[PDB]
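Student: First the structure, then my questions, so here it is.
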Amino acid sequence: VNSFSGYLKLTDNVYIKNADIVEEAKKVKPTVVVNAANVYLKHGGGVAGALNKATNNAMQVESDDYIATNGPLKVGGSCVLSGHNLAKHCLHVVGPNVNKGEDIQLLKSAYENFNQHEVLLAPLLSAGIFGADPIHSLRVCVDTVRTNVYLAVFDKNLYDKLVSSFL
Ligand SMILES: Cc1c[nH]c2ncnc(NCC(C)(C)O)c12
Ligand SMILES: [Cl-]
C-alpha cells in the first residue's frame with residue numbers, strides 16, 4: 001500500500017491520473033520522481049522547466065555540477081540526483097526529442113531506466129515538447145516498465161484520450 005491516490009489502474013503495475021506532476025510530487029513526496037530530462041540537464045521548459053522552478057532552481061544548480069563532472073547523458077539514459085523538496089530522489093531520464101530528429105526506438109531504452117526503482121512518479125517520456133505521440137509513449141511504458149509506475153498527465157484532454165484508446 002502506498003499514498004498515491006485517485007489514479008486509474010491500467011495494468012498490473014501502471015496507474016494514470018490527470019495531474020500536475022509538480023503538485024503531485026509536493027503532496028506525495030515519493031521516493032522517486034522522474035524528470036523529462038535532456039542530455040545537458042538544462043531544465044528550461046516542459047516538465048523539466050516546471051520541476052526545476054518548484055525547487056527554486058536548486059535542481060538546475062545541482063545538475064550543472066553533475067554535467068561539469070560527468071559530461072552529458074546519453075539519449076535513452078538517466079542519472080539519479082536529489083529530489084530536493086519534491087521527492088527523495090529525482091531520476092532524470094532522457095527520452096528522444098522528435099523535434100531534434102532523435103530516434104524514437106530509444107524510447108524503450110529510456111523507460112528501461114524505470115525498472116531500477118520499485119515505485120516511481122513519472123510523466124510520459126518524449127511527450128509534450130519532445131514531440132512524440134503520447135499514445136505511443138504510454139504503450140511503450142506499459143510494455144517496458146515492470147516496476148510500479150504512477151503516471152501524471154497534465155492535459156485533461158490528453159488524459160481522456162489515453163484511457164479511452166488504451167488497449
Ligand atoms: C509541463 C508539465 C508540468 N507539469 C506536468 N505534469 C505532467 N506532465 C507534464 N507534461 C506533459 C506534456 C504532454 C505537456 O509534456 C507537465
Ligand atoms: Cl511538455
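Just remember, in the C-alpha cells the first chain shown is A, the second B, etc., residues are 1-based per chain, and ligands are 1-based in the order shown.
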Neighbours of ligand 1 at 12 Å or closer, counting only C-alpha atoms and all ligand atoms: which residues, as number ranges by chain?
Tutor: A: 16-26, 33-37, 43-54, 95, 97, 121-135, 137-138, 150-159, 162
Student: Could you produce a table of the residues of stretch 49-75 of chain A lying within 10 Å of stretch 79-93 of chain A, with the nearest pair of atoms per residue and their separation in Å rounded to one decimal, using only C-alpha atoms, ordered by chain and increasing residue number, as a Markdown table?
Tutor:
| residue | atom | partner | partner_atom | distance |
| --- | --- | --- | --- | --- |
| A:51 | CA | A:86 | CA | 8.3 |
| A:52 | CA | A:84 | CA | 9.5 |
| A:54 | CA | A:86 | CA | 7.9 |
| A:55 | CA | A:85 | CA | 6.3 |
| A:56 | CA | A:85 | CA | 9.5 |
| A:58 | CA | A:84 | CA | 7.4 |
| A:59 | CA | A:84 | CA | 7.1 |
| A:62 | CA | A:81 | CA | 7.9 |
| A:63 | CA | A:81 | CA | 7.9 |
| A:66 | CA | A:81 | CA | 8.6 |
| A:73 | CA | A:79 | CA | 7.8 |
| A:74 | CA | A:93 | CA | 9.3 |
| A:75 | CA | A:93 | CA | 8.4 |
Student: Apply DSSP to the backbone of this structure and, from stretch 80-165 of chain A, keep only the residues in helix (DSSP H, G or I); write these as number ranges by chain.
Tutor: A: 98-100, 106-116, 128-130, 134-144, 156-164
Student: Separation of atom CA of residue A:119 and atom CA of residue A:147, in Å?
Tutor: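 Computing it gives 6.2 Å between the two atoms.
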Student: Where in stretch 9-159 of chain A does DSSP assign strand (DSSP E or B), given as a VMD selection string?
Tutor: chain A and resid 9 14 to 18 32 to 36 78 to 82 89 to 93 119 to 122 148 to 153
Student: One decimal, Å: what's the distance from atom CA of residue A:164 over to atom CA of residue A:10, could you say?
Tutor: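 Separation of atom CA of residue A:164 and atom CA of residue A:10: 11.2 Å.
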